>>> print(open('start_5.cif').read())   # mmCIF, C-alpha atoms and all ligand atoms
data_start
#
loop_
_atom_site.label_atom_id
_atom_site.label_comp_id
_atom_site.auth_asym_id
_atom_site.auth_seq_id
_atom_site.Cartn_x
_atom_site.Cartn_y
_atom_site.Cartn_z
CA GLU A 396 -13.52 -20.60 1.51
CA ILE A 397 -11.28 -21.79 4.40
CA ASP A 398 -12.72 -23.99 7.11
CA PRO A 399 -12.17 -22.12 10.45
CA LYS A 400 -11.44 -25.60 12.01
CA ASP A 401 -8.11 -25.36 10.08
CA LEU A 402 -7.10 -22.10 11.78
CA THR A 403 -5.29 -21.53 15.10
CA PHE A 404 -4.86 -18.03 16.55
CA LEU A 405 -1.49 -17.50 18.20
CA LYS A 406 -0.59 -13.81 18.67
CA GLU A 407 -2.04 -10.38 18.06
CA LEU A 408 -0.41 -8.38 15.23
CA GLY A 409 -2.32 -5.14 15.83
CA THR A 410 -5.44 -3.34 14.65
CA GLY A 411 -6.30 -1.78 11.29
CA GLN A 412 -9.35 -0.31 9.60
CA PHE A 413 -11.32 -3.56 9.93
CA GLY A 414 -10.27 -4.30 13.55
CA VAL A 415 -7.93 -6.92 15.02
CA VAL A 416 -5.39 -8.87 12.97
CA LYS A 417 -3.84 -12.08 14.36
CA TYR A 418 -0.92 -14.33 13.50
CA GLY A 419 -1.72 -18.05 13.46
CA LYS A 420 -1.32 -21.30 11.62
CA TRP A 421 -3.41 -22.76 8.78
CA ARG A 422 -3.68 -26.58 8.50
CA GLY A 423 -1.20 -26.95 11.39
CA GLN A 424 1.72 -25.93 9.13
CA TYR A 425 1.43 -22.59 7.30
CA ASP A 426 2.04 -19.19 8.88
CA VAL A 427 -0.85 -16.83 8.23
CA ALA A 428 -2.23 -13.51 9.24
CA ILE A 429 -5.99 -13.44 9.90
CA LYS A 430 -8.12 -10.33 9.83
CA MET A 431 -11.09 -10.63 12.18
CA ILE A 432 -13.50 -8.19 10.58
CA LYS A 433 -15.07 -5.95 13.24
CA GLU A 434 -18.88 -5.68 13.02
CA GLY A 435 -20.00 -2.52 11.28
CA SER A 436 -16.56 -1.78 9.76
CA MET A 437 -16.99 -3.45 6.40
CA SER A 438 -19.52 -3.70 3.53
CA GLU A 439 -19.44 -7.46 3.95
CA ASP A 440 -21.70 -8.76 1.21
CA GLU A 441 -19.97 -6.62 -1.36
CA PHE A 442 -16.57 -7.77 -0.15
CA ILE A 443 -17.66 -11.40 -0.29
CA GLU A 444 -18.51 -11.14 -3.98
CA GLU A 445 -15.21 -9.30 -4.70
CA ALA A 446 -13.18 -11.88 -2.78
CA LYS A 447 -13.64 -14.13 -5.84
CA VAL A 448 -11.93 -11.62 -8.18
CA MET A 449 -9.32 -10.93 -5.47
CA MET A 450 -8.54 -14.66 -5.19
CA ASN A 451 -7.30 -14.36 -8.77
CA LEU A 452 -4.79 -11.61 -8.06
CA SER A 453 -1.49 -13.38 -7.53
CA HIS A 454 2.00 -11.92 -7.77
CA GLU A 455 5.25 -12.43 -5.85
CA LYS A 456 5.09 -8.78 -4.63
CA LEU A 457 1.43 -8.72 -3.62
CA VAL A 458 0.40 -10.08 -0.23
CA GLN A 459 -1.14 -13.47 -1.16
CA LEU A 460 -4.78 -14.03 -0.19
CA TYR A 461 -5.19 -17.61 0.97
CA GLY A 462 -8.94 -17.53 1.60
CA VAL A 463 -11.87 -16.23 3.58
CA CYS A 464 -14.25 -17.53 6.25
CA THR A 465 -17.69 -16.13 5.52
CA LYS A 466 -20.12 -18.68 6.97
CA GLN A 467 -19.87 -17.01 10.40
CA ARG A 468 -19.42 -13.57 12.01
CA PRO A 469 -17.03 -12.02 12.35
CA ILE A 470 -15.76 -12.94 8.84
CA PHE A 471 -12.03 -13.79 8.46
CA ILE A 472 -9.55 -12.79 5.78
CA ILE A 473 -6.60 -15.17 5.66
CA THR A 474 -3.33 -14.12 4.02
CA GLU A 475 0.36 -14.82 3.74
CA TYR A 476 2.24 -13.77 6.91
CA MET A 477 4.90 -11.05 6.66
CA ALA A 478 7.34 -11.40 9.52
CA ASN A 479 8.78 -7.85 9.54
CA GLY A 480 5.45 -5.96 9.55
CA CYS A 481 4.60 -2.68 7.84
CA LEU A 482 7.11 -0.93 5.68
CA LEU A 483 6.57 2.44 7.42
CA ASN A 484 7.74 1.17 10.83
CA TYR A 485 10.58 -0.87 9.17
CA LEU A 486 11.89 2.30 7.42
CA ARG A 487 11.86 4.19 10.74
CA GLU A 488 14.19 1.73 12.52
CA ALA A 489 17.72 3.25 12.30
CA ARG A 490 19.35 -0.10 13.11
CA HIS A 491 18.69 -1.33 9.56
CA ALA A 492 21.15 1.35 8.30
CA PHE A 493 19.93 0.82 4.73
CA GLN A 494 22.13 1.27 1.72
CA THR A 495 20.48 3.27 -1.05
CA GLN A 496 20.47 0.20 -3.35
CA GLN A 497 18.24 -1.49 -0.65
CA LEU A 498 15.86 1.52 -0.72
CA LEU A 499 15.64 1.35 -4.55
CA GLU A 500 14.96 -2.44 -4.32
CA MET A 501 11.99 -1.68 -2.00
CA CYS A 502 10.67 0.77 -4.60
CA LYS A 503 11.14 -1.89 -7.32
CA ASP A 504 9.29 -4.54 -5.26
CA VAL A 505 6.28 -2.17 -4.96
CA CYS A 506 6.51 -1.07 -8.58
CA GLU A 507 6.38 -4.72 -9.74
CA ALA A 508 3.24 -5.34 -7.68
CA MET A 509 1.64 -2.17 -9.04
CA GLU A 510 2.55 -2.92 -12.66
CA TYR A 511 0.76 -6.28 -12.15
CA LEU A 512 -2.32 -4.54 -10.68
CA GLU A 513 -2.28 -1.98 -13.50
CA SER A 514 -2.23 -4.83 -16.06
CA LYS A 515 -5.40 -6.15 -14.37
CA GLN A 516 -6.96 -2.62 -14.34
CA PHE A 517 -7.19 -2.92 -10.58
CA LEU A 518 -6.68 0.13 -8.38
CA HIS A 519 -5.17 0.07 -4.93
CA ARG A 520 -6.56 3.57 -3.89
CA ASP A 521 -4.54 3.62 -0.66
CA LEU A 522 -0.94 2.95 -1.69
CA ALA A 523 1.47 4.12 1.02
CA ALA A 524 4.31 2.68 3.16
CA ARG A 525 1.79 1.92 5.94
CA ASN A 526 -0.01 -0.42 3.45
CA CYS A 527 3.10 -2.34 2.41
CA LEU A 528 4.55 -5.21 4.42
CA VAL A 529 8.02 -6.73 4.68
CA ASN A 530 8.75 -10.44 4.84
CA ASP A 531 11.52 -12.36 6.61
CA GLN A 532 13.78 -11.90 3.54
CA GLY A 533 13.27 -8.16 3.48
CA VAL A 534 11.05 -8.29 0.39
CA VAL A 535 8.31 -5.64 0.30
CA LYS A 536 4.80 -6.61 -0.74
CA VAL A 537 1.78 -4.45 -1.30
CA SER A 538 -1.15 -5.10 1.09
CA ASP A 539 -4.92 -4.41 1.21
CA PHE A 540 -5.17 -3.33 -2.43
CA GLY A 541 -8.82 -2.72 -3.43
CA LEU A 542 -10.18 -3.04 0.13
CA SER A 543 -10.83 0.69 0.63
CA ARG A 544 -14.06 0.14 -1.42
CA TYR A 545 -15.60 -1.75 1.51
CA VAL A 546 -14.72 0.59 4.37
CA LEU A 547 -17.82 1.97 6.16
CA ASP A 548 -16.13 4.72 8.22
CA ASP A 549 -16.95 8.20 6.85
CA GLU A 550 -13.73 9.66 8.32
CA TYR A 551 -11.75 7.38 5.96
CA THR A 552 -13.93 7.51 2.83
CA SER A 553 -14.63 11.26 2.73
CA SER A 554 -11.91 13.53 1.14
CA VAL A 555 -12.32 15.91 4.11
CA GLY A 556 -12.31 13.09 6.72
CA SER A 557 -9.57 12.63 9.36
CA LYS A 558 -8.41 9.21 8.02
CA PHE A 559 -8.50 9.95 4.26
CA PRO A 560 -5.00 9.47 2.68
CA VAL A 561 -4.76 13.20 1.71
CA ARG A 562 -0.96 13.30 1.56
CA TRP A 563 -0.83 10.44 -0.96
CA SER A 564 -3.61 11.81 -3.20
CA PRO A 565 -3.27 13.86 -6.43
CA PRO A 566 -5.17 17.15 -6.80
CA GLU A 567 -7.92 15.70 -9.02
CA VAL A 568 -8.80 13.11 -6.28
CA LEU A 569 -9.01 15.81 -3.57
CA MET A 570 -10.90 18.32 -5.71
CA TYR A 571 -13.11 16.15 -7.94
CA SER A 572 -13.03 12.51 -6.73
CA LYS A 573 -11.27 11.63 -10.00
CA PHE A 574 -9.75 8.19 -9.20
CA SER A 575 -7.72 6.49 -11.92
CA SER A 576 -4.54 4.47 -12.63
CA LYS A 577 -2.85 7.88 -12.42
CA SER A 578 -3.94 8.44 -8.79
CA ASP A 579 -2.14 5.19 -7.84
CA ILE A 580 0.87 6.53 -9.79
CA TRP A 581 0.82 9.77 -7.72
CA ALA A 582 0.61 7.74 -4.49
CA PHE A 583 3.55 5.54 -5.65
CA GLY A 584 5.76 8.66 -6.09
CA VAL A 585 4.83 9.67 -2.48
CA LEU A 586 5.72 6.13 -1.35
CA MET A 587 9.18 6.37 -3.03
CA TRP A 588 9.58 9.69 -1.12
CA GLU A 589 8.65 7.88 2.15
CA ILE A 590 11.23 5.16 1.43
CA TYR A 591 14.12 7.55 0.58
CA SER A 592 13.14 9.77 3.61
CA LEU A 593 13.36 6.67 5.90
CA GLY A 594 9.68 6.98 6.84
CA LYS A 595 9.16 10.71 7.36
CA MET A 596 5.55 11.91 7.03
CA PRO A 597 5.12 13.54 3.57
CA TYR A 598 4.75 17.29 3.99
CA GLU A 599 5.87 16.86 7.52
CA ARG A 600 5.47 20.54 8.56
CA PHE A 601 2.03 21.01 6.89
CA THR A 602 -1.50 19.93 7.84
CA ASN A 603 -3.71 17.88 5.39
CA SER A 604 -5.53 21.12 4.43
CA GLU A 605 -2.24 22.92 3.82
CA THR A 606 -0.91 19.95 1.78
CA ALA A 607 -3.94 20.05 -0.55
CA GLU A 608 -3.27 23.74 -1.10
CA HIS A 609 0.57 23.43 -1.66
CA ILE A 610 -0.09 20.77 -4.35
CA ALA A 611 -2.87 22.80 -6.05
CA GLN A 612 -0.21 25.57 -6.48
CA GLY A 613 2.11 23.15 -8.38
CA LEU A 614 4.59 22.71 -5.48
CA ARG A 615 5.85 19.24 -4.54
CA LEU A 616 7.83 17.24 -1.99
CA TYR A 617 11.54 18.17 -1.83
CA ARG A 618 14.25 15.67 -2.78
CA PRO A 619 15.20 13.42 0.13
CA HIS A 620 18.89 13.63 0.91
CA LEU A 621 19.41 9.92 0.10
CA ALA A 622 17.74 10.25 -3.36
CA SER A 623 19.99 10.94 -6.35
CA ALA A 624 18.85 13.34 -9.11
CA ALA A 625 17.75 10.31 -11.14
CA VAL A 626 15.72 8.81 -8.28
CA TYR A 627 14.09 12.21 -7.59
CA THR A 628 13.20 12.56 -11.33
CA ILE A 629 11.35 9.22 -11.10
CA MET A 630 9.28 10.11 -8.00
CA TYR A 631 8.66 13.64 -9.31
CA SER A 632 7.37 12.35 -12.68
CA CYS A 633 4.52 10.71 -10.66
CA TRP A 634 3.32 14.21 -9.57
CA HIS A 635 2.65 15.91 -12.92
CA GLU A 636 -0.28 18.31 -12.62
CA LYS A 637 -1.80 16.60 -15.72
CA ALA A 638 -2.72 13.01 -14.88
CA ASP A 639 -2.26 11.89 -18.50
CA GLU A 640 1.37 13.07 -18.37
CA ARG A 641 2.27 10.83 -15.42
CA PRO A 642 4.02 7.54 -16.39
CA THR A 643 2.57 4.03 -16.18
CA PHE A 644 3.90 1.46 -13.71
CA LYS A 645 5.53 -0.32 -16.66
CA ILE A 646 7.48 2.90 -17.49
CA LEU A 647 8.36 3.50 -13.82
CA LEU A 648 9.68 -0.09 -13.55
CA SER A 649 11.96 0.47 -16.59
CA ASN A 650 13.09 3.76 -15.09
CA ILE A 651 13.93 2.11 -11.73
CA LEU A 652 15.84 -0.75 -13.44
CA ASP A 653 17.84 1.83 -15.42
CA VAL A 654 18.81 3.65 -12.20
CA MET A 655 19.80 0.36 -10.58
CA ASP A 656 22.15 -0.31 -13.52
CA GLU A 657 23.49 3.20 -13.52
CA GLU A 658 24.03 3.78 -9.80
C1 LIG B 1 5.06 -8.36 12.66
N1 LIG B 1 4.41 -8.79 11.37
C2 LIG B 1 3.18 -8.27 11.08
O1 LIG B 1 2.63 -7.48 11.81
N2 LIG B 1 2.66 -8.71 9.91
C3 LIG B 1 1.38 -8.42 9.38
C4 LIG B 1 0.57 -7.41 9.85
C5 LIG B 1 -0.73 -7.23 9.21
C6 LIG B 1 -1.61 -6.15 9.70
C7 LIG B 1 -1.77 -6.00 11.08
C8 LIG B 1 -2.53 -5.05 11.66
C9 LIG B 1 -3.26 -4.18 10.80
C10 LIG B 1 -3.14 -4.33 9.42
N3 LIG B 1 -3.86 -3.43 8.58
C11 LIG B 1 -3.29 -2.22 8.23
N4 LIG B 1 -3.81 -1.42 7.37
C12 LIG B 1 -5.02 -1.69 6.79
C13 LIG B 1 -5.54 -0.81 5.81
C14 LIG B 1 -6.80 -1.10 5.24
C15 LIG B 1 -7.36 -0.11 4.22
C16 LIG B 1 -8.66 -0.65 3.57
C17 LIG B 1 -7.69 1.21 4.93
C18 LIG B 1 -6.27 0.12 3.12
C19 LIG B 1 -7.52 -2.26 5.61
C20 LIG B 1 -6.95 -3.16 6.56
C21 LIG B 1 -5.73 -2.85 7.17
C22 LIG B 1 -5.10 -3.79 8.10
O2 LIG B 1 -5.60 -4.87 8.37
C23 LIG B 1 -2.34 -5.28 8.82
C24 LIG B 1 -2.21 -5.43 7.34
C25 LIG B 1 -1.06 -8.07 8.16
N5 LIG B 1 -0.26 -9.06 7.71
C26 LIG B 1 -0.64 -9.84 6.53
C27 LIG B 1 0.99 -9.26 8.32
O3 LIG B 1 1.71 -10.15 7.89
#
>>> encode(input="start_5.cif", output="C-alpha cells", more="lines below")
Ligand SMILES: CNC(=O)Nc1cc(-c2cccc(-n3cnc4cc(C(C)(C)C)ccc4c3=O)c2C)cn(C)c1=O
Amino acid sequence: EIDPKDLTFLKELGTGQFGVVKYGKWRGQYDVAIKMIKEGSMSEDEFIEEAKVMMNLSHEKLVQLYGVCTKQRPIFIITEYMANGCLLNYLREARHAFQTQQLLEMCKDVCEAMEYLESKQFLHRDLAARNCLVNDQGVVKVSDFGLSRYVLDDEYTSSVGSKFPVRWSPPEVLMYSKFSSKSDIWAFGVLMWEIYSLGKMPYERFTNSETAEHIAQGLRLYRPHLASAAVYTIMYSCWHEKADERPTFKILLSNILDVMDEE
C-alpha cells in the first residue's frame, strides 16, 4: 500500500480499459505510471485481494508493480514507468528501421516474461503487442497480465463483444471459453506475427467474425516477409488446432535462442 502523499502527477499517458493513466514521481525520485481506476470499470474488491498475489510476481521482463492506493476512490495502481510506450505503436514507427535480430529480441523479452508467468501458473489472457511496453533501453515488458479478470465492461469480457481480443484467441476460447496456458501460447504466436509484421493488425483484411471462421477451418496467419522459415515455424507451432500439441513457453524460449544462434 503506497501513501498517495508520496505521489505527484506530472503528465497524462493516455487512457486504457480502467480509465486515465498518468506519469509521475514516487517519493520525489522514482518515475512511475499511475492508473487512476475509473468508477464502475473494475471489480475493485476482488482486485484488491489479488493485488497481494500480484505483488509477488517479479521478473525483469514483466512491468513491475510498485504498489496500490486503496484507502480512497478512485484507487491507484502504481507501476514501473516505460518511456517508449506500447509495443504496437513502437513497431509501427518506420524510423526505428529495425533489424530482424532486434525483432527476435523483442519476442525473446516477451517469451521470458511468459515463461515466468507459466512457471507461476498465472495466465495473462490478453497477451498482444498493445499490452506490452518498451522502456528507454528498448527492452519489451509484458503489461496488465491477469487484470482482464476484473474488467466490468461486457463488450470486453464477452467472446462476441466489440473489445474482446478475438484475433489473439485460439478456437477453443472463442467456441467454448476454454482458457488455459495454451491460450496464452496461441496469443504469443500472434504477438510474434505482430512484431515481424511491424505492427499490422492480424488478419488485416478480415473482420473478427471472419477471423474466428478462418481459424476454425485450420487456416492461419501467413508468414511475414521479415520472418525466416525458422521464425515462422516457431509462431506457427503456437497455433496447433490441438491445444495439447502447442509448445510451452520454456520450449518456445529454447526455440527462439536456437534461432538467434543460427541466424
Ligand atoms: C510514453 N510511455 C508510456 O505511455 N508508458 C506507459 C503507458 C501505460 C499505459 C497508458 C495508457 C493505457 C494503458 N493501458 C493499456 N491497456 C490496458 C489493458 C488492460 C486490460 C485489462 C484490458 C488488459 C487494462 C489496463 C490497460 C491500460 O492501463 C497503459 C498500460 C502504462 N505504463 C506503465 C507506461 O509506462
>>> atom_distance(input="start_5.cif", atom1="atom CA of residue 432 of chain A", atom2="atom CA of residue 468 of chain A")
8.1 Å
>>> closest_residue(input="start_5.cif", among="A:522, A:457, A:546, A:570", to="residue 504 of chain A", atoms="only C-alpha atoms")
A:457
>>> closest_residue(input="start_5.cif", among="A:513, A:531, A:444, A:507", to="residue 480 of chain A", atoms="only C-alpha atoms")
A:531
>>> closest_residue(input="start_5.cif", among="A:565, A:462, A:642, A:414", to="ligand LIG 1 (chain B)", atoms="only C-alpha atoms and all ligand atoms")
A:414
>>> residues_near_ligand(input="start_5.cif", ligand="ligand LIG 1 (chain B)", cutoff="8 Å", atoms="all atoms listed in the file", output="PyMOL selection string")
chain A and resi 408-418+427-430+458+474-481+520-522+525-530+538-546+551
>>> residues_around(input="start_5.cif", residues="residue 454 of chain A", least_positions_apart="6", cutoff="10 Å", atoms="all atoms listed in the file", output="count of residues only")
7
>>> build_atoms(input="start_5.cif", residues="segment 465-493 of chain A", atoms="N, CA and C atoms", output="PDB file, keeping the file's coordinate frame")
ATOM      1  N   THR A 465     -16.530 -17.029   5.634  1.00  0.00           N
ATOM      2  CA  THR A 465     -17.690 -16.130   5.520  1.00  0.00           C
ATOM      3  C   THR A 465     -18.972 -16.765   6.007  1.00  0.00           C
ATOM      4  N   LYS A 466     -18.911 -18.012   6.497  1.00  0.00           N
ATOM      5  CA  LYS A 466     -20.120 -18.680   6.970  1.00  0.00           C
ATOM      6  C   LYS A 466     -20.270 -18.485   8.474  1.00  0.00           C
ATOM      7  N   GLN A 467     -19.988 -17.279   8.957  1.00  0.00           N
ATOM      8  CA  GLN A 467     -19.870 -17.010  10.400  1.00  0.00           C
ATOM      9  C   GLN A 467     -19.687 -15.520  10.524  1.00  0.00           C
ATOM     10  N   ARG A 468     -19.831 -14.972  11.728  1.00  0.00           N
ATOM     11  CA  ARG A 468     -19.420 -13.570  12.010  1.00  0.00           C
ATOM     12  C   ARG A 468     -18.658 -13.627  13.324  1.00  0.00           C
ATOM     13  N   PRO A 469     -17.532 -12.900  13.423  1.00  0.00           N
ATOM     14  CA  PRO A 469     -17.030 -12.020  12.350  1.00  0.00           C
ATOM     15  C   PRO A 469     -16.470 -12.845  11.186  1.00  0.00           C
ATOM     16  N   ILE A 470     -16.469 -12.280   9.967  1.00  0.00           N
ATOM     17  CA  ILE A 470     -15.760 -12.940   8.840  1.00  0.00           C
ATOM     18  C   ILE A 470     -14.235 -12.834   9.017  1.00  0.00           C
ATOM     19  N   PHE A 471     -13.527 -13.787   8.435  1.00  0.00           N
ATOM     20  CA  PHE A 471     -12.030 -13.790   8.460  1.00  0.00           C
ATOM     21  C   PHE A 471     -11.463 -13.590   7.073  1.00  0.00           C
ATOM     22  N   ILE A 472     -10.359 -12.829   7.002  1.00  0.00           N
ATOM     23  CA  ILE A 472      -9.550 -12.790   5.780  1.00  0.00           C
ATOM     24  C   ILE A 472      -8.188 -13.382   6.086  1.00  0.00           C
ATOM     25  N   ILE A 473      -7.839 -14.431   5.360  1.00  0.00           N
ATOM     26  CA  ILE A 473      -6.600 -15.170   5.660  1.00  0.00           C
ATOM     27  C   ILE A 473      -5.575 -14.889   4.563  1.00  0.00           C
ATOM     28  N   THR A 474      -4.388 -14.416   4.980  1.00  0.00           N
ATOM     29  CA  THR A 474      -3.330 -14.120   4.020  1.00  0.00           C
ATOM     30  C   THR A 474      -1.992 -14.722   4.437  1.00  0.00           C
ATOM     31  N   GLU A 475      -1.047 -14.631   3.506  1.00  0.00           N
ATOM     32  CA  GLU A 475       0.360 -14.820   3.740  1.00  0.00           C
ATOM     33  C   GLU A 475       0.802 -13.964   4.933  1.00  0.00           C
ATOM     34  N   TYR A 476       1.748 -14.498   5.714  1.00  0.00           N
ATOM     35  CA  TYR A 476       2.240 -13.770   6.910  1.00  0.00           C
ATOM     36  C   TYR A 476       3.564 -13.108   6.574  1.00  0.00           C
ATOM     37  N   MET A 477       3.686 -11.848   6.986  1.00  0.00           N
ATOM     38  CA  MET A 477       4.900 -11.050   6.660  1.00  0.00           C
ATOM     39  C   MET A 477       5.598 -10.736   7.965  1.00  0.00           C
ATOM     40  N   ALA A 478       6.724 -11.428   8.206  1.00  0.00           N
ATOM     41  CA  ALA A 478       7.340 -11.400   9.520  1.00  0.00           C
ATOM     42  C   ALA A 478       7.814 -10.034  10.026  1.00  0.00           C
ATOM     43  N   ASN A 479       8.199  -9.142   9.116  1.00  0.00           N
ATOM     44  CA  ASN A 479       8.780  -7.850   9.540  1.00  0.00           C
ATOM     45  C   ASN A 479       7.811  -6.674   9.564  1.00  0.00           C
ATOM     46  N   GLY A 480       6.517  -6.931   9.328  1.00  0.00           N
ATOM     47  CA  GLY A 480       5.450  -5.960   9.550  1.00  0.00           C
ATOM     48  C   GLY A 480       5.479  -4.846   8.511  1.00  0.00           C
ATOM     49  N   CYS A 481       4.813  -3.747   8.863  1.00  0.00           N
ATOM     50  CA  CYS A 481       4.600  -2.680   7.840  1.00  0.00           C
ATOM     51  C   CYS A 481       5.883  -1.972   7.489  1.00  0.00           C
ATOM     52  N   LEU A 482       5.960  -1.620   6.206  1.00  0.00           N
ATOM     53  CA  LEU A 482       7.110  -0.930   5.680  1.00  0.00           C
ATOM     54  C   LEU A 482       7.403   0.377   6.403  1.00  0.00           C
ATOM     55  N   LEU A 483       6.365   1.101   6.773  1.00  0.00           N
ATOM     56  CA  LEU A 483       6.570   2.440   7.420  1.00  0.00           C
ATOM     57  C   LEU A 483       7.412   2.252   8.674  1.00  0.00           C
ATOM     58  N   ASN A 484       6.988   1.353   9.560  1.00  0.00           N
ATOM     59  CA  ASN A 484       7.740   1.170  10.830  1.00  0.00           C
ATOM     60  C   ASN A 484       9.152   0.626  10.549  1.00  0.00           C
ATOM     61  N   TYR A 485       9.292  -0.254   9.544  1.00  0.00           N
ATOM     62  CA  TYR A 485      10.580  -0.870   9.170  1.00  0.00           C
ATOM     63  C   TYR A 485      11.524   0.235   8.702  1.00  0.00           C
ATOM     64  N   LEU A 486      11.026   1.184   7.887  1.00  0.00           N
ATOM     65  CA  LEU A 486      11.890   2.300   7.420  1.00  0.00           C
ATOM     66  C   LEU A 486      12.403   3.157   8.560  1.00  0.00           C
ATOM     67  N   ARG A 487      11.601   3.271   9.632  1.00  0.00           N
ATOM     68  CA  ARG A 487      11.860   4.190  10.740  1.00  0.00           C
ATOM     69  C   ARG A 487      12.872   3.620  11.751  1.00  0.00           C
ATOM     70  N   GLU A 488      13.220   2.363  11.587  1.00  0.00           N
ATOM     71  CA  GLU A 488      14.190   1.730  12.520  1.00  0.00           C
ATOM     72  C   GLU A 488      15.613   1.999  11.985  1.00  0.00           C
ATOM     73  N   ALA A 489      16.361   2.848  12.727  1.00  0.00           N
ATOM     74  CA  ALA A 489      17.720   3.250  12.300  1.00  0.00           C
ATOM     75  C   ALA A 489      18.674   2.084  12.274  1.00  0.00           C
ATOM     76  N   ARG A 490      18.409   1.033  13.083  1.00  0.00           N
ATOM     77  CA  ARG A 490      19.350  -0.100  13.110  1.00  0.00           C
ATOM     78  C   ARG A 490      19.556  -0.737  11.737  1.00  0.00           C
ATOM     79  N   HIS A 491      18.528  -0.686  10.876  1.00  0.00           N
ATOM     80  CA  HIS A 491      18.690  -1.330   9.560  1.00  0.00           C
ATOM     81  C   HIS A 491      19.815  -0.682   8.708  1.00  0.00           C
ATOM     82  N   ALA A 492      20.015   0.631   8.901  1.00  0.00           N
ATOM     83  CA  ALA A 492      21.150   1.350   8.300  1.00  0.00           C
ATOM     84  C   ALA A 492      21.224   1.045   6.825  1.00  0.00           C
ATOM     85  N   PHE A 493      20.073   1.248   6.130  1.00  0.00           N
ATOM     86  CA  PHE A 493      19.930   0.820   4.730  1.00  0.00           C
ATOM     87  C   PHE A 493      20.912   1.488   3.783  1.00  0.00           C
TER      88      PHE A 493
END
